[PDB]
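Trainee: only geometry, no sequence info:
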Ligand SMILES: OC[C@H]1O[C@H](O[C@H]2[C@H](O)[C@@H](O)[C@@H](O[C@H]3[C@H](O)[C@@H](O)[C@@H](O[C@H]4[C@H](O)[C@@H](O)[C@@H](O)O[C@@H]4CO)O[C@@H]3CO)O[C@@H]2CO)[C@H](O)[C@@H](O)[C@@H]1O
Ligand SMILES: OC[C@H]1O[C@H](O[C@H]2[C@H](O)[C@@H](O)[C@@H](O[C@H]3[C@H](O)[C@@H](O)[C@@H](O)O[C@@H]3CO)O[C@@H]2CO)[C@H](O)[C@@H](O)[C@@H]1O
Ligand SMILES: OC[C@H]1O[C@@](CO)(O[C@H]2O[C@H](CO)[C@@H](O)[C@H](O)[C@H]2O)[C@@H](O)[C@@H]1O
């Protein structure tokens with residue numbers, strides 16, 4: 001395997017003697033060269049563990065490094081300053097000062113220019129991180145809400161131009177907000193040029209996807225493949241009009257890129273560098289679990305998938321240090337955490353905490369949540385969870401069966417309950433969600449619906465507002481970067497038109513992808529409305545989280561409340577948080593609180609509370625006690 005010093009000499013071969021001498025003593029090369037020596041070894045190792053002795057590896061690598069140099073050379077000076085900062089401050093993602101938001105530009109602000117006008121509100125809310133849903137060219141009509149990419153560089157016409165995007169990012173950076181977008185690197189739409197040329201037989205795009213002549217291998221593969229959208233098609237393949245079959249983990253119009261071909265990695269790295277130079281701070285690595293296939297396995301979370309992501313990480317450490325990765329793996333908890341690492345994905349969605357927040361509201365029992373916060377919360381250094389309550393997706397019950405078993409809970413039986421409960425098919429349920437991808441041959445089902453709809457705000461449940469505040473209080477204080485699904489801060493309900501829109505009716509997720517509700521946002525400052533109650537409640541928690549250093553970092557120690565309905569944990573040994581998931585008042589006995597200070601200030605209610613006496617929490621009440 002070639003070394004850094006060697007590959008660099010060949011990178012400079014494109015220059016004439018006169019030019020070369022000039023490049024070698026330039027500041028940009030000096031930085032690139034230094035980063036090369038520090039991170040190239042990782043890049044080489046990761047690529048070698050995947051491609052091995054593939055004859056194309058070296059040629060691919062050199063081509064990748066050459067364009068990596070050009071990319072960094074072209075990279076804007078301001079971004080290079082952010083690179084140096086991020087380099088010396090890896091834990092910026094762990095700061096309590098960070099609070100993120102996510103929205104669809106079209107649904108939330110109409111278009112990119114319209115989004116730019118929304119920045120003041122984002123600052124008003126306190127955001128320091130803004131994630132924008134798929135913004136690039138995609139098939140007309142059905143594109144899986146933009147996740148079927150037809151181009152990673154041409155902005156969706158309906159949203160604007162690449163120019164508007166560059167303006168938005170700059171404006172966001174001016175407002176003290178990091179820009180976060182998707183890097184749908186596991187698949188492209190079937191209309192993407194690469195897909196068209198590959199299927200057409202263009203030798204330049206040969207083996208860019210997985211295409212088979214018939215069902216022989218697809219059938220073999222399907223023996224162990226999980227079905228993501230069983231409603232769309234069985235197994236993981238879709239048939240082309242010419243009779244052939246292509247690997248389509250998701251919708252039939254989304255073709256899985258073939259990373260077993262090193263040229264595919266190089267290509268995607270090229271697209272990654274493009275996004276990097278737009279000034280993007282964080283790339284949401286979509287479906288990181290599926291980027292590697294192997295007959296006889298689930299084709300999820302395979303070793304090479306982690307290796308490839310770590311290779312991508314190295315490229316950024318070399319050509320754009322400011323760019324971090326956000327894992328979005330919605331899989332078994334043992335698998336979720338493996339993607340999070342300083343050299344892989346620095347942050348990642350915490351689906352386990354999210355799913356259990358909802359689980360707890362339904363059962364009123366914090367057992368699973370407590371268990372999760374006790375054994376699966378803390379992460380290795382320089383990494384952090386992205387805690388959330390809802391997102392653009394359906395809710396999957398990805399808690400661990402093994403974990404549930406230890407508690408005497410049958411995973412399968414429990415999901416049946418959760419699913420029925422949240423789709424309002426369980427007596428007394430306050431939830432008003434809708435089913436998503438019910439799978440007859442497995443019994444698995446997911447849930448769609450906005451946070452407000454799931455807590456009962458649709459029927460005006462008097463507990464709805466407090467439920468929303470309780471859930472978000474957990475995501476905002478457990479440790480990690482909290483991501484708010486914009487629209488939630490004002491109690492936005494499900495969309496009322498999706499089911500009759502022919503391009504959406506077969507995907508219930510659109511039920512929880514409502515547009516900006518002018519009426520609710522106009523009430524965000526009226527304490528007499530649910531919108532104002534929700535907004536002011538969340539904003540207050542946001543203000544406290546960002547100003548109080550006791551919430552800094554991502555580590556926590558759970559506190560046994562001795563009340564099955566109350567969750568408890570401590571941040572930095574100075575902040576004791578209590579959360580009552582019961583619709584009835586619940587108590588934490590004085591006996592349980594004996595080791596705590598006699599008195600402590602509660603940042604939520606702003607009152608001083610005595611801990612040397614029984615502490616009774618009102619229904620769904622949240623307390624953030626400063627015990628130090
Ligand atoms: O305040 C509202 C209601 O609160 C109480 O009911 C709660 C239970 O206390 C919770 O434990 C939970 O019960 C679920 C349970 O979590 C779920 O697993 C499922 O239980 C199955 C089990 O999985 C299966 O293996 C087999 O044993 O059958 C069990 C029973 O179906 O379903 C339970 C609900 O039926 O949630 C409920 C509802 O919030 C209290 O008891 C109620 O009186 C009260 O209304
Ligand atoms: O953060 C320090 C410490 O926190 C946790 O311990 C607390 C318990 O969770 C909490 O229940 C309480 O313990 C009491 C017992 O429940 C009760 O049976 C009796 O023994 O009185 C105890 C009070 O001394 O308080 C402790 C201390 O805060 C966590 O479990 C520890 O691992 C952690 O070191
Ligand atoms: O229910 C959706 C399904 O897909 C996952 C895979 O991680 O979600 C991401 O990728 C999908 C396909 O590209 C997108 O449709 C989805 O919006 C995106 O979040 C999981 O959430 C789940 O298994």
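Mentor: Nice, I can see it. Numbering: from 1, shown residues only. Ligands and ions are numbered 1, 2, ... in the order given.
Trainee: for residue 378, helix, strand, or coil?
Mentor: At residue 378 the chain is in coil, as set by DSSP: H, G, I helix; E, B strand; the rest coil.
Trainee: tell me the spacing between it and ligand 1.
Mentor: The gap separating residue 378 from ligand 1 is 27 Å, by C-beta to the nearest ligand atom, to the nearest Å. C-betas here are computed from N, CA, C, even on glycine.
Trainee: that residue: what's it in contact with?
Mentor: Counting by C-beta atoms under 8 Å, 6 or more residues apart in numbering, residue 378 touches 554, 555, 556.
Trainee: tell me, how many residues neighbour the residue lying closest to residue 171 once chain neighbours are set aside?
Mentor: Nearest residue to residue 171, sequence neighbours excluded (C-beta to C-beta, 6 or more residues apart in numbering): residue 116, at 5.3 Å. Residues near residue 116, counting by other C-beta atoms under 10 Å, number 20.
Trainee: could you do residue 349 as well?
Mentor: When neighbours are counted by other C-beta under 10 Å, residue 349 comes out with 25.
Trainee: wait, it touches residue 389, no?
Mentor: No: between residue 349 and residue 389 there is no contact under C-beta atoms under 8 Å: 11.7 Å.
Trainee: any idea how this protein splits into domains?
Mentor: The chain breaks down by curated CATH domains into domains covering 1-97, 98-186+259-554, 187-258, 555-628.
Trainee: all helices for the stretch 501-628 of the chain, in order.
Mentor: 518-521, 530-547 (DSSP state H, counting those that start in this stretch).
Trainee: the stretch 101-250 of the chain too?
Mentor: Under DSSP H, counting those that start in this stretch, the stretch 101-250 of the chain gives helices at 105-109, 112-116, 119-125, 162-174, 193-200, 216-221.
Trainee: export those to a markdown table and append columns for distance to residue 288.
Mentor: Formatted as a markdown table, the helices of the stretch 101-250 of the chain follow (distance: least, C-beta to C-beta, whole Å):
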| stretch | distance to residue 288 |
| --- | --- |
| helix 105-109 | 24 |
| helix 112-116 | 27 |
| helix 119-125 | 27 |
| helix 162-174 | 23 |
| helix 193-200 | 20 |
| helix 216-221 | 20 |
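Trainee: wondering if stretch 215-231 reaches ligand 3 at all.
Mentor: Yes: Stretch 215-231 is in contact with ligand 3 by C-beta under 6 Å from any ligand atom, via residue 228.
Trainee: quick one: end-to-end length of that stretch, please.
Mentor: 20 Å (C-alpha to C-alpha, to the nearest Å).
Trainee: show residues contacting it.
Mentor: So stretch 215-231 is contacted by 212, 234-237, 245, 247, 249-251, 293, 295-300, 437, 439-442, 506 (C-beta under 8 Å, 6+ apart).
Trainee: centre of the chain to that stretch, how far?
Mentor: 26 Å (C-alpha atoms, centre = their mean, to the nearest Å).
Trainee: same thing with stretch 472-483?
Mentor: Taking C-alpha atoms, centre = their mean, one finds the center of stretch 472-483 at 14 Å from the center of the full chain.
Trainee: again with stretch 184-202
Mentor: 25 Å.
Trainee: list of residues touching that stretch?
Mentor: Under C-beta under 8 Å, 6+ apart, the answer for stretch 184-202 is 134, 138-139, 143, 147-152, 204-209, 211, 240, 244, 246, 248-250, 252-257, 267-268, 271-272, 285-288, 290-291, 312.
Trainee: how about that stretch, which residues are buried there?
Mentor: 184-192, 194-195, 198-199 (16 or more other C-beta atoms under 10 Å).
Trainee: ends of it, what's the gap?
Mentor: 23 Å.
Trainee: could you pick out the buried ones from the contacts of stretch 184-202?
Mentor: 134, 138-139, 143, 147-152, 205, 208-209, 211, 246, 248-250, 252-257, 267-268, 271-272, 285-288, 290-291, 312.
Trainee: can you flag which of the residues you listed belong to strands?
Mentor: Among these, DSSP state E puts 211, 246, 254, 255, 256, 285 in strands.
Trainee: which single one of these is nearest to residue 500?
Mentor: Residue 500 lies nearest to residue 254 out of these, by C-beta to C-beta, at 24.5 Å.
Trainee: how close does that closest one get to residue 190?
Mentor: 7 Å (C-beta to C-beta, to the nearest Å).
Trainee: show me how far the longest helix anywhere in the chain is from its chain's centre.
Mentor: Criterion DSSP state H: the longest helix present in the chain is helix 27-51. Computed by C-alpha atoms, centre = their mean, the separation of helix 27-51 from the middle of its chain amounts to 27 Å.
Trainee: ok, stretch 55-75 next?
Mentor: Relative to where its chain is centred, stretch 55-75 has its mean C-alpha point 28 Å off (C-alpha atoms, centre = their mean).
Trainee: flag every buried residue along it.
Mentor: Residues of stretch 55-75 classed as buried by neighbour count (16+ other C-beta under 10 Å): 57-58, 60-61, 63-69, 71-72, 75.
Trainee: what about these, which are in strands?
Mentor: Reading strands off those, I find no matches (DSSP E).
Trainee: of these, closest to residue 164?
Mentor: For the buried residues of stretch 55-75, the nearest to residue 164 is residue 75 (20.5 Å; C-beta to C-beta).
Trainee: wait, what's in contact with that closest one?
Mentor: Contacts of residue 75 by C-beta under 8 Å, 6+ apart are 83, 276, 277, 319, 320.
Trainee: most neighbours of all those residues, which one?
Mentor: Ranking the contacts of residue 75 using other C-beta under 10 Å puts residue 319 first, with 28 neighbours.
Trainee: what touches both of residue 349 and residue 389?
Mentor: Listed contacts common to residue 349 and residue 389 are nil; contacts here mean C-beta under 8 Å, 6+ apart.
Trainee: relative to residue 110, how far out is the residue nearest to residue 171?
Mentor: Taken as C-beta to C-beta, the span from residue 116 to residue 110 is 11 Å.
Trainee: and residue 400, how far is that from residue 340?
Mentor: From residue 400 to residue 340 the distance is 16 Å (C-beta to C-beta).
Trainee: compare those two (neighbour count), which wins?
Mentor: Between residue 400 and residue 340, residue 340 has the larger neighbour count (other C-beta under 10 Å), namely 23 against 20.
Trainee: what sits against that one?
Mentor: Contacts of residue 340 (C-beta under 8 Å, 6+ apart): 327, 346, 347, 348, 379, 380, 383, 385.
Trainee: of all these, which two lie farthest apart?
Mentor: 327 and 380 (13.4 Å).
Trainee: okay, those two: which has more neighbours?
Mentor: A side-by-side neighbour count of residue 327 and residue 380, using other C-beta under 10 Å, places residue 327 first with 27 against 9.
Trainee: doesn't residue 286 make contact with that one?
Mentor: No: if you go by C-beta under 8 Å, residue 327 and residue 286 don't touch, sitting 9.7 Å apart.
Trainee: what sits against residue 280?
Mentor: Residue 280 touches 169, 179, 180, 181, 323, counting by C-beta under 8 Å, 6+ apart.
Trainee: how about it, phi and psi?
Mentor: phi -60, psi 140 (degrees, to the nearest 10).
Trainee: could you check how far it is from residue 25?
Mentor: From residue 280 to residue 25 the distance is 30 Å (C-beta to C-beta).
Trainee: and what of residue 142?
Mentor: 54 Å.
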